[PDB]
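Novice: Contents of my_file.txt (compact mmCIF, C-alpha atoms and all ligand atoms) are given next:
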```txt
# COMPACT_ATOMS: atom_id res chain seq x y z
CA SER A 35 94.54 123.02 118.35
CA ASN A 36 94.05 126.56 119.64
CA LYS A 37 90.71 128.13 118.73
CA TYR A 38 90.27 131.71 117.53
CA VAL A 39 87.46 134.17 116.78
CA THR A 40 87.64 136.66 113.90
CA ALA A 41 85.26 139.37 112.66
CA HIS A 42 84.38 140.42 109.11
CA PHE A 43 85.43 144.05 108.46
CA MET A 44 84.25 145.99 105.38
CA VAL A 45 87.31 147.79 103.97
CA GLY A 46 85.10 149.03 101.14
CA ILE A 47 83.37 151.57 103.39
CA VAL A 48 86.48 153.04 105.08
CA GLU A 49 88.19 155.07 102.33
CA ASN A 50 88.65 157.93 104.82
CA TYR A 51 89.82 155.92 107.85
CA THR A 52 93.00 156.90 109.63
CA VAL A 53 95.26 154.60 111.62
CA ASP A 54 93.54 155.96 114.74
CA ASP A 55 90.10 154.93 113.42
CA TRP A 56 91.41 151.38 112.91
CA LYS A 57 92.89 151.34 116.42
CA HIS A 58 89.55 152.28 117.96
CA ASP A 59 87.76 149.39 116.24
CA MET A 60 90.56 147.03 117.23
CA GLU A 61 90.49 148.06 120.90
CA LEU A 62 86.75 147.34 121.07
CA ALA A 63 87.30 144.00 119.32
CA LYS A 64 90.07 143.07 121.78
CA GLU A 65 87.83 143.90 124.75
CA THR A 66 85.27 141.43 123.34
CA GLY A 67 87.93 138.73 123.00
CA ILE A 68 88.04 138.79 119.19
CA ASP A 69 91.48 137.78 117.86
CA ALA A 70 91.51 139.30 114.35
CA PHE A 71 89.66 141.21 111.65
CA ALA A 72 89.06 139.67 108.24
CA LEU A 73 89.82 142.68 106.01
CA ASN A 74 87.21 142.29 103.28
CA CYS A 75 88.43 144.31 100.32
CA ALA A 76 87.92 144.86 96.60
CA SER A 77 90.27 145.17 93.63
CA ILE A 78 88.24 148.15 92.33
CA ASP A 79 88.69 150.44 95.35
CA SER A 80 91.56 152.89 94.82
CA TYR A 81 92.02 152.99 98.61
CA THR A 82 92.44 149.23 99.19
CA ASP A 83 96.24 149.29 99.41
CA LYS A 84 96.25 152.36 101.66
CA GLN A 85 93.70 150.94 104.07
CA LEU A 86 95.32 147.50 104.22
CA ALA A 87 98.58 149.24 105.15
CA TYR A 88 96.82 151.26 107.86
CA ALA A 89 95.10 148.16 109.26
CA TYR A 90 98.29 146.08 109.47
CA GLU A 91 100.12 148.99 111.11
CA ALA A 92 97.30 149.52 113.61
CA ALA A 93 97.19 145.81 114.45
CA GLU A 94 100.92 145.72 115.12
CA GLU A 95 100.68 148.85 117.27
CA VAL A 96 97.82 147.60 119.52
CA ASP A 97 98.62 143.84 119.77
CA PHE A 98 95.76 142.85 117.43
CA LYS A 99 95.87 140.71 114.27
CA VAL A 100 94.44 140.97 110.75
CA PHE A 101 94.14 138.86 107.62
CA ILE A 102 92.75 139.57 104.17
CA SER A 103 89.35 138.51 102.86
CA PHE A 104 89.53 138.93 99.10
CA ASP A 105 85.97 139.88 98.07
CA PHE A 106 85.51 137.99 94.78
CA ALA A 107 82.39 139.92 93.96
CA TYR A 108 85.11 142.38 92.81
CA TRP A 109 88.40 140.50 92.63
CA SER A 110 88.67 138.13 89.67
CA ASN A 111 90.61 135.02 88.72
CA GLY A 112 92.71 137.24 86.46
CA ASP A 113 94.10 139.03 89.53
CA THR A 114 96.49 136.24 90.62
CA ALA A 115 99.57 138.44 90.18
CA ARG A 116 98.22 141.25 92.36
CA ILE A 117 96.89 138.84 95.00
CA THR A 118 100.33 137.20 95.10
CA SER A 119 102.09 140.54 95.51
CA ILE A 120 99.76 141.48 98.38
CA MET A 121 100.48 138.16 100.10
CA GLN A 122 104.20 138.73 99.56
CA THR A 123 103.77 142.03 101.42
CA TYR A 124 101.70 140.72 104.34
CA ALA A 125 101.99 136.95 104.94
CA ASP A 126 105.05 137.46 107.17
CA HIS A 127 103.95 140.76 108.75
CA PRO A 128 103.93 140.63 112.58
CA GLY A 129 100.32 141.87 112.54
CA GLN A 130 99.18 139.11 110.18
CA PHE A 131 96.98 136.52 111.87
CA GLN A 132 98.75 133.14 111.90
CA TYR A 133 97.14 129.72 112.21
CA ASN A 134 99.40 126.70 112.76
CA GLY A 135 102.38 128.80 111.68
CA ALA A 136 100.82 130.00 108.43
CA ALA A 137 99.20 133.27 107.36
CA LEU A 138 95.42 132.91 107.23
CA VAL A 139 93.78 134.13 104.03
CA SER A 140 90.09 134.02 103.14
CA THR A 141 87.51 135.27 100.63
CA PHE A 142 83.94 136.26 100.08
CA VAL A 143 82.80 133.97 97.24
CA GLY A 144 85.68 133.11 94.92
CA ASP A 145 85.28 129.32 95.10
CA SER A 146 87.03 128.97 91.74
CA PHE A 147 90.16 130.94 92.72
CA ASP A 148 93.20 128.64 92.77
CA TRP A 149 95.49 129.29 95.77
CA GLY A 150 98.23 126.98 94.44
CA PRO A 151 100.09 129.61 92.39
CA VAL A 152 99.87 132.11 95.26
CA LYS A 153 101.11 129.70 97.92
CA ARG A 154 103.97 128.44 95.76
CA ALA A 155 105.21 131.99 95.08
CA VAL A 156 105.22 133.19 98.73
CA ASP A 157 107.98 131.90 101.02
CA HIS A 158 105.99 132.31 104.22
CA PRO A 159 103.36 129.56 104.67
CA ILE A 160 99.76 130.50 103.85
CA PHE A 161 96.62 128.84 105.26
CA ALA A 162 93.80 129.28 102.73
CA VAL A 163 90.22 129.11 104.10
CA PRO A 164 88.03 130.62 101.35
CA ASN A 165 84.29 131.11 101.50
CA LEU A 166 82.82 128.06 99.73
CA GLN A 167 79.21 127.65 98.69
CA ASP A 168 78.84 123.86 98.35
CA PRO A 169 79.77 121.51 101.24
CA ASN A 170 80.19 118.64 98.77
CA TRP A 171 82.63 120.50 96.48
CA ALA A 172 84.52 121.58 99.59
CA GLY A 173 85.13 117.85 99.95
CA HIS A 174 87.02 117.58 96.64
CA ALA A 175 88.28 121.14 96.15
CA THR A 176 90.83 121.64 93.35
CA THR A 177 92.12 125.04 94.54
CA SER A 178 94.73 124.02 97.17
CA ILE A 179 92.67 124.97 100.23
CA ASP A 180 93.32 124.17 103.90
CA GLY A 181 89.74 124.61 105.08
CA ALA A 182 86.45 126.25 104.24
CA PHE A 183 84.51 129.26 105.55
CA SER A 184 80.71 129.07 105.39
CA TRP A 185 78.46 132.10 104.80
CA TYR A 186 75.38 130.13 106.02
CA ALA A 187 74.89 132.28 109.10
CA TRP A 188 71.08 132.47 108.93
CA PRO A 189 68.11 130.11 108.44
CA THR A 190 67.93 128.81 104.85
CA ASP A 191 66.85 125.58 103.14
CA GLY A 192 69.14 126.07 100.13
CA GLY A 193 66.70 128.04 97.99
CA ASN A 194 65.51 131.60 97.48
CA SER A 195 62.47 131.53 99.75
CA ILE A 196 62.85 133.09 103.18
CA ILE A 197 62.22 130.44 105.84
CA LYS A 198 61.40 130.66 109.52
CA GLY A 199 63.90 129.88 112.23
CA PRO A 200 65.18 129.04 114.71
CA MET A 201 68.62 128.72 113.18
CA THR A 202 69.98 125.16 113.01
CA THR A 203 73.44 123.68 112.45
CA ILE A 204 72.38 121.70 109.36
CA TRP A 205 74.79 123.50 107.02
CA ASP A 206 77.62 123.54 109.56
CA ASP A 207 77.35 119.79 109.95
CA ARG A 208 77.38 119.28 106.17
CA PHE A 209 80.61 121.29 105.82
CA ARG A 210 82.22 119.52 108.77
CA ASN A 211 81.39 116.07 107.42
CA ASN A 212 83.00 116.88 104.07
CA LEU A 213 86.02 118.73 105.44
CA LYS A 214 87.28 115.71 107.39
CA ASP A 215 90.81 116.66 108.45
CA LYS A 216 90.65 120.21 107.07
CA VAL A 217 89.50 123.12 109.19
CA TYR A 218 86.04 124.69 109.29
CA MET A 219 85.52 128.39 110.01
CA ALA A 220 81.90 128.76 111.19
CA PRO A 221 79.93 132.00 110.70
CA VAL A 222 78.32 133.80 113.63
CA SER A 223 75.86 136.59 112.79
CA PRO A 224 73.29 138.29 115.06
CA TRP A 225 70.77 139.59 112.52
CA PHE A 226 70.04 140.27 108.86
CA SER A 227 68.16 143.21 107.32
CA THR A 228 69.05 144.97 104.06
CA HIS A 229 67.06 147.65 102.24
CA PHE A 230 68.58 148.83 98.94
CA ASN A 231 67.41 148.96 95.35
CA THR A 232 69.62 145.87 94.71
CA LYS A 233 68.91 143.86 97.89
CA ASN A 234 65.78 144.05 100.04
CA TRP A 235 65.09 141.18 102.44
CA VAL A 236 65.39 139.93 106.00
CA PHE A 237 66.35 136.57 107.39
CA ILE A 238 64.45 135.25 110.40
CA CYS A 239 66.98 135.63 113.22
CA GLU A 240 65.14 136.63 116.41
CA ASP A 241 67.06 134.96 119.26
CA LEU A 242 70.09 134.44 116.99
CA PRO A 243 72.37 137.00 118.79
CA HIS A 244 72.45 134.51 121.68
CA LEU A 245 71.41 131.16 120.15
CA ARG A 246 74.23 131.04 117.61
CA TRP A 247 76.90 131.34 120.32
CA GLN A 248 75.34 128.38 122.14
CA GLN A 249 75.65 126.39 118.91
CA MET A 250 79.35 127.33 118.78
CA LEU A 251 80.00 125.81 122.23
CA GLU A 252 78.23 122.61 121.08
CA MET A 253 79.96 122.42 117.72
CA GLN A 254 83.53 123.46 118.63
CA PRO A 255 84.61 124.55 115.11
CA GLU A 256 88.31 125.17 114.50
CA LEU A 257 87.69 128.90 113.80
CA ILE A 258 84.82 131.40 113.98
CA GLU A 259 84.19 134.49 111.87
CA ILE A 260 81.61 136.99 113.12
CA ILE A 261 79.48 138.47 110.33
CA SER A 262 80.10 141.29 110.86
CA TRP A 263 81.97 144.11 112.55
CA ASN A 264 80.64 146.96 110.41
CA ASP A 265 78.39 145.92 107.47
CA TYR A 266 75.75 148.51 108.31
CA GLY A 267 73.92 147.85 105.05
CA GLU A 268 72.98 144.29 106.09
CA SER A 269 72.33 145.16 109.78
CA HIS A 270 74.62 142.41 111.16
CA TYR A 271 77.24 144.79 112.60
CA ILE A 272 78.32 144.23 116.20
CA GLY A 273 80.92 147.00 116.10
CA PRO A 274 80.33 150.67 116.77
CA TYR A 275 78.77 153.07 114.29
CA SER A 276 81.94 154.85 113.14
CA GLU A 277 81.78 158.50 112.10
CA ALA A 278 84.55 158.00 109.52
CA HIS A 279 82.93 155.27 107.40
CA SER A 280 81.30 156.17 104.09
CA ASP A 281 77.50 156.01 104.14
CA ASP A 282 75.95 153.98 101.31
CA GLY A 283 72.36 154.83 102.25
CA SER A 284 72.27 152.47 105.25
CA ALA A 285 72.44 155.41 107.68
CA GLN A 286 68.65 155.53 107.18
CA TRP A 287 68.28 152.35 109.27
CA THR A 288 71.55 152.29 111.26
CA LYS A 289 72.68 155.73 112.45
CA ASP A 290 70.29 155.69 115.43
CA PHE A 291 70.52 151.91 115.99
CA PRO A 292 73.49 150.93 118.17
CA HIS A 293 74.42 147.24 118.20
CA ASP A 294 77.37 147.45 120.63
CA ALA A 295 75.53 145.66 123.45
CA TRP A 296 75.55 142.43 121.45
CA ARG A 297 79.27 142.25 122.32
CA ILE A 298 78.21 141.77 125.97
CA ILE A 299 76.69 138.42 124.93
CA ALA A 300 79.59 137.47 122.68
CA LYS A 301 82.35 138.11 125.24
CA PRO A 302 81.69 135.19 127.68
CA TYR A 303 80.82 132.84 124.81
CA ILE A 304 84.12 133.62 123.05
CA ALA A 305 86.03 132.85 126.25
CA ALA A 306 84.13 129.58 126.73
CA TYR A 307 84.62 128.62 123.06
CA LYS A 308 88.38 129.15 123.28
CA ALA A 309 88.51 127.14 126.53
CA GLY A 310 86.47 124.24 125.15
CA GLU A 311 83.77 124.81 127.75
CA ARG A 312 80.16 123.80 127.14
CA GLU A 313 78.64 126.72 129.07
CA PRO A 314 79.71 130.34 129.59
CA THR A 315 80.84 131.79 132.91
CA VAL A 316 78.91 134.82 134.12
CA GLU A 317 81.04 137.25 136.10
CA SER A 318 78.49 139.99 136.87
CA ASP A 319 74.78 140.59 136.38
CA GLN A 320 73.94 142.12 132.98
CA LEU A 321 71.03 142.35 130.57
CA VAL A 322 71.03 142.86 126.79
CA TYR A 323 67.83 143.73 124.89
CA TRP A 324 66.86 144.23 121.25
CA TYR A 325 63.75 145.01 119.20
CA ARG A 326 62.61 146.39 115.86
CA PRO A 327 61.21 149.95 115.68
CA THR A 328 57.61 149.09 114.68
CA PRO A 329 55.18 146.17 114.47
CA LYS A 330 55.85 144.19 111.30
CA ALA A 331 52.47 144.96 109.67
CA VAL A 332 52.84 148.77 109.65
CA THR A 333 52.56 150.20 106.14
CA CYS A 334 55.07 152.95 105.29
CA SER A 335 54.09 156.46 104.19
CA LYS A 336 56.77 157.11 101.54
CA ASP A 337 59.42 154.41 101.05
CA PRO A 338 60.51 154.17 97.38
CA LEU A 339 61.47 150.56 98.08
CA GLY A 340 58.81 148.09 99.03
CA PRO A 341 58.71 146.06 102.23
CA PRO A 342 61.59 143.60 102.55
CA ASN A 343 61.02 140.01 101.50
CA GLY A 344 60.37 137.79 104.51
CA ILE A 345 58.93 140.20 107.05
CA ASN A 346 55.68 138.27 107.51
CA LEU A 347 57.70 135.48 109.21
CA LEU A 348 59.09 137.76 111.92
CA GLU A 349 57.59 138.07 115.39
CA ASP A 350 56.56 141.35 117.03
CA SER A 351 58.79 140.68 120.02
CA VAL A 352 61.22 142.30 122.42
CA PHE A 353 64.22 140.03 123.05
CA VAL A 354 66.08 139.96 126.37
CA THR A 355 69.28 138.06 127.18
CA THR A 356 70.00 137.97 130.91
CA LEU A 357 73.53 137.25 132.17
CA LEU A 358 73.02 136.21 135.79
CA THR A 359 75.24 135.04 138.64
CA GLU A 360 72.19 133.68 140.51
CA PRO A 361 68.53 133.10 139.63
CA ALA A 362 66.36 136.21 139.44
CA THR A 363 63.07 137.57 138.07
CA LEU A 364 62.87 139.53 134.81
CA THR A 365 60.03 142.04 134.26
CA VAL A 366 59.43 143.73 130.89
CA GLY A 367 57.03 146.55 130.09
CA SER A 368 56.32 146.98 126.38
CA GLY A 369 53.85 149.79 125.80
CA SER A 370 50.76 148.99 127.85
CA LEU A 371 51.84 145.33 128.17
CA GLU A 372 53.68 143.92 131.17
CA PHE A 373 55.27 140.50 131.61
CA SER A 374 57.49 138.70 134.07
CA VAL A 375 59.42 135.44 134.07
CA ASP A 376 61.72 133.67 136.51
CA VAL A 377 65.17 133.17 134.99
CA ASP A 378 67.95 130.79 135.96
CA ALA A 379 71.57 131.66 136.58
CA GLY A 380 73.64 131.65 133.40
CA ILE A 381 72.90 133.24 130.04
CA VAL A 382 69.27 132.90 128.95
CA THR A 383 67.14 134.59 126.27
CA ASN A 384 63.42 135.30 126.62
CA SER A 385 61.13 137.00 124.11
CA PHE A 386 58.19 139.20 125.03
CA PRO A 387 55.21 140.49 123.02
CA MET A 388 55.91 143.95 121.57
CA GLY A 389 53.70 146.89 122.45
CA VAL A 390 53.76 150.35 120.90
CA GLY A 391 55.26 152.97 123.22
CA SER A 392 57.93 153.02 125.90
CA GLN A 393 59.91 149.90 126.79
CA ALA A 394 61.09 149.07 130.32
CA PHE A 395 63.29 146.35 131.82
CA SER A 396 63.96 145.27 135.39
CA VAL A 397 65.68 142.33 137.08
CA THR A 398 64.91 141.67 140.75
CA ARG A 399 66.45 139.19 143.17
CA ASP A 400 65.31 138.67 146.76
CA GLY A 401 62.77 141.43 146.19
CA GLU A 402 65.35 144.07 145.25
CA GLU A 403 66.11 145.50 141.80
CA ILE A 404 69.61 144.53 140.67
CA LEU A 405 69.46 146.27 137.27
CA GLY A 406 67.02 147.98 134.96
CA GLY A 407 65.99 151.04 133.06
CA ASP A 408 64.20 152.35 130.00
CA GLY A 409 64.73 151.05 126.50
CA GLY A 410 66.52 153.60 124.37
CA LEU A 411 63.82 153.66 121.64
CA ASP A 412 60.05 153.96 121.84
CA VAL A 413 58.31 151.52 119.49
CA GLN A 414 56.12 153.36 116.96
CA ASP A 415 52.94 152.52 115.04
CA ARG A 416 53.90 154.39 111.85
CA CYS A 417 56.95 154.76 109.64
CA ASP A 418 58.25 156.79 106.73
CA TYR A 419 60.56 153.96 105.62
CA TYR A 420 60.71 150.23 106.35
CA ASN A 421 63.35 149.55 109.01
CA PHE A 422 63.78 145.91 109.96
CA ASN A 423 67.07 146.47 111.78
CA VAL A 424 66.94 146.41 115.60
CA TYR A 425 67.85 148.79 118.39
CA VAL A 426 70.11 147.07 120.97
CA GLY A 427 70.82 148.20 124.53
CA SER A 428 72.02 146.95 127.89
CA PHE A 429 72.09 147.42 131.65
CA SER A 430 74.99 146.27 133.82
CA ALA A 431 75.23 145.87 137.58
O1 LIG B 1 84.35 147.46 98.22
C1 LIG B 1 83.64 147.32 96.98
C2 LIG B 1 82.40 148.20 97.00
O2 LIG B 1 81.59 147.75 98.08
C3 LIG B 1 80.34 148.43 98.19
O3 LIG B 1 79.56 148.23 97.01
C4 LIG B 1 80.60 149.92 98.42
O4 LIG B 1 79.35 150.61 98.47
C5 LIG B 1 81.45 150.49 97.30
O5 LIG B 1 81.78 151.85 97.62
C6 LIG B 1 82.74 149.68 97.17
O6 LIG B 1 83.49 150.13 96.03
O1 LIG B 2 73.05 135.18 102.49
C1 LIG B 2 73.31 136.58 102.64
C2 LIG B 2 74.09 137.06 101.43
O2 LIG B 2 73.21 137.00 100.31
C3 LIG B 2 73.79 137.39 99.06
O3 LIG B 2 74.77 136.42 98.68
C4 LIG B 2 74.42 138.78 99.18
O4 LIG B 2 75.19 139.06 98.00
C5 LIG B 2 75.32 138.93 100.40
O5 LIG B 2 75.76 140.29 100.53
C6 LIG B 2 74.56 138.49 101.64
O6 LIG B 2 75.42 138.55 102.79
```
With the file now loaded, output its structure as structure tokens.

Specialist:
Amino acid sequence: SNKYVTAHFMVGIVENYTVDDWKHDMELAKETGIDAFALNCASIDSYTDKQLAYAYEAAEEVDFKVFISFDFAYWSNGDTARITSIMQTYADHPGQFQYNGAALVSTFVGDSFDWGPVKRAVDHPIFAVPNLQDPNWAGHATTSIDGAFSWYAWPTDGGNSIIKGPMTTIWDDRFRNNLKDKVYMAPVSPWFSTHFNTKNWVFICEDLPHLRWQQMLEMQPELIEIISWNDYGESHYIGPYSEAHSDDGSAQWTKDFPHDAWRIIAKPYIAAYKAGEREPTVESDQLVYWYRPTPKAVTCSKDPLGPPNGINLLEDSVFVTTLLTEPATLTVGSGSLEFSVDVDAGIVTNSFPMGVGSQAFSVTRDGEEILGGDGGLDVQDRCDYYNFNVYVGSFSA
């Protein structure tokens, strides 16, 4: 009956992590109210066993928890013996995240992997919540599951066209209807932008870094997984940009693009979600802002990859989430443009037309500025490469 929030962590990019690197990520996750990392890992990485051992040790040492996400883009159904041996190592580890007295285990893809032989070979109870693609098959799953994890974190109609938002709960409600008694782990992602030779698209997210958390308070799923802590290559990271991870080419659009301020939004929503509350509690005045580096129609000078699929559906907007103890007035300067809007107490998002140039934010109450400053990135009217990630920043009273 207790509710918990987890975050997807890419073990595949941390070959060179130390225990101290893991501890740093875990401390930041704890400060946000996250309960555990899903350690997404691959059979093909020679460093998987080493880094799982470091993560479980770090979690035990800093009062955090972890569980394994077997990434079945790499793991295979023929790996049952190795998966079993890993669960024999970790299901009863004090740092292993437990749900209802059983060790949580999950996947990326891997719908066809049968958990029966694993569960029946491990003495400690296991709670299997794999990533499943079809809500209806989740209803009659043959693989000995205890719940399902959805990857439908972004607007989609089920096909391969990119569709406009705003995000809806249509897929969440389909999973929940089919799961009945079983548990549902809902995905929470702030953004999506990827730009590789093998994957080059955006999803239409916009106000998603706030809106999705509001949906979580409405929906009250049994578990949440944040997509993601550190998948720089898909731009949905809410964790820090770690110096020790291995760059895959995503540094091009991520190294200068902090996302840490999105944790300011997540923190009160996580507390409210765990408490069963329908609205967050604001403890101090804060502001979180985000925006892309250029207007969407700018043509690049030299990108060997074309523009990402879907960009025409984006808006040229600056997004601002205010976290307010009392009503106030929000003023935004975006290039030569200036806007203002009265905002209620609570957590509210407003979008503003993007202008090229410097960005400025200010919140005033009773004719006095309570917070404000300059955006950390000037919006530009040209680019070498297409970057549809966002810069995120904050101001706190
Ligand atoms: O974790 C599996 C694989 O994930 C990603 O493709 C990484 O770029 C690669 O280095 C890793 O082997
Ligand atoms: O829907 C987003 C997902 O699309 C594809 O399945 C990609 O393989 C995966 O990496 C991405 O997260």

Novice: Return as a PyMOL selection string the residues of protein, DNA or RNA that approach ligand LIG 2 (chain B) to within 10 Å, with all atoms listed in the file taken into account.

Specialist: chain A and resi 107+142-143+167+185-190+194+226-228+232-233+235-237+261-262+265+267-268+270

Novice: Under the rule that only C-alpha atoms and all ligand atoms are counted, which of A:382, A:45, A:239, A:166 is the nearest residue to ligand LIG 1 (chain B)?

Specialist: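 For ligand LIG 1 (chain B), the nearest of the candidates is A:45.
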
Novice: Kindly provide, as a list in words, all nucleotide and amino acid residues lying within 8 Å of ligand LIG 1 (chain B), counting all atoms listed in the file.

Specialist: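 These are the residues that qualify: residues 44, 45, 46, 47, 74, 75, 76, 77, 78, 79, 105, 108, 280 and 282 of chain A.
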
Novice: Using only C-alpha atoms, find all polymer residues with an atom at most 8 Å away from the point (60.8, 153.8, 126.6); report them as a PDB file with C-alpha atoms, in the frame of the given file.

Specialist:
```
ATOM      1  CA  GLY A 391      55.260 152.970 123.220  1.00  0.00           C
ATOM      2  CA  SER A 392      57.930 153.020 125.900  1.00  0.00           C
ATOM      3  CA  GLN A 393      59.910 149.900 126.790  1.00  0.00           C
ATOM      4  CA  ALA A 394      61.090 149.070 130.320  1.00  0.00           C
ATOM      5  CA  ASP A 408      64.200 152.350 130.000  1.00  0.00           C
ATOM      6  CA  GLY A 409      64.730 151.050 126.500  1.00  0.00           C
ATOM      7  CA  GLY A 410      66.520 153.600 124.370  1.00  0.00           C
ATOM      8  CA  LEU A 411      63.820 153.660 121.640  1.00  0.00           C
ATOM      9  CA  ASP A 412      60.050 153.960 121.840  1.00  0.00           C
ATOM     10  CA  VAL A 413      58.310 151.520 119.490  1.00  0.00           C
TER      11      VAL A 413
END
```

Novice: Which residues are close to segment 120-133 of chain A, i.e. within 7 Å by all atoms listed in the file, leaving aside same-chain residues fewer than 5 positions away? Reply as a PyMOL selection string.

Specialist: chain A and resi 70+90+93-94+98-101+138+156+158+160

Novice: Have a look at A:56, A:51, A:43, A:88 and name the one nearest to residue 279 of chain A; count all atoms listed in the file.

Specialist: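 Of the candidates, the smallest distance to residue 279 of chain A is held by A:51.
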
Novice: By how many Å are atom CA of residue 351 of chain A and atom CA of residue 324 of chain A apart?

Specialist: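 Separating atom CA of residue 351 of chain A from atom CA of residue 324 of chain A is a distance of 8.9 Å.
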
Novice: Just want the 8 Å neighbourhood of residue 230 of chain A, counted on only C-alpha atoms, with same-chain residues fewer than 4 positions away dropped. Output as a list in words.

Specialist: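 Neighbouring residues, sequence-local ones excluded: residues 234, 283 and 339 of chain A.
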
Novice: Find the residues around residue 217 of chain A up to 8 Å (all atoms listed in the file counted), leave out those fewer than 3 positions away in its own chain, and share them as a list in words.

Specialist: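 The filter keeps residues 163, 180, 181, 182, 213, 214, 255, 256 and 257 of chain A.
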
Novice: Kindly give the distance, in Å, that separates atom CA of residue 89 of chain A and atom CA of residue 165 of chain A, rounded to a single decimal.

Specialist: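 According to the coordinates, atom CA of residue 89 of chain A and atom CA of residue 165 of chain A are separated by 21.6 Å.
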
Novice: Residues within 9 Å of residue 289 of chain A, please, as a list in words. Count only C-alpha atoms; anything in the same chain fewer than 5 positions from it doesn't count.

Specialist: residues 266, 275 and 284 of chain A

Novice: So that I can see what lies close to residue 153 of chain A, please list as a compact mmCIF listing (two decimals) with C-alpha atoms, keeping the file's coordinate frame the residues with an atom at most 10 Å from it, counting only C-alpha atoms and leaving out residues fewer than 2 positions away in the same chain.

Specialist:
```txt
# COMPACT_ATOMS: atom_id res chain seq x y z
CA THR A 118 100.33 137.20 95.10
CA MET A 121 100.48 138.16 100.10
CA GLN A 122 104.20 138.73 99.56
CA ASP A 148 93.20 128.64 92.77
CA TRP A 149 95.49 129.29 95.77
CA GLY A 150 98.23 126.98 94.44
CA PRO A 151 100.09 129.61 92.39
CA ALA A 155 105.21 131.99 95.08
CA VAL A 156 105.22 133.19 98.73
CA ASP A 157 107.98 131.90 101.02
CA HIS A 158 105.99 132.31 104.22
CA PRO A 159 103.36 129.56 104.67
CA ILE A 160 99.76 130.50 103.85
CA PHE A 161 96.62 128.84 105.26
CA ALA A 162 93.80 129.28 102.73
CA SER A 178 94.73 124.02 97.17
CA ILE A 179 92.67 124.97 100.23
```

Novice: Which is closest to residue 314 of chain A among A:287, A:248, A:348, A:330, if we use only C-alpha atoms?

Specialist: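 Checking each of A:287, A:248, A:348, A:330 against residue 314 of chain A, counting only C-alpha atoms, the winner is A:248.
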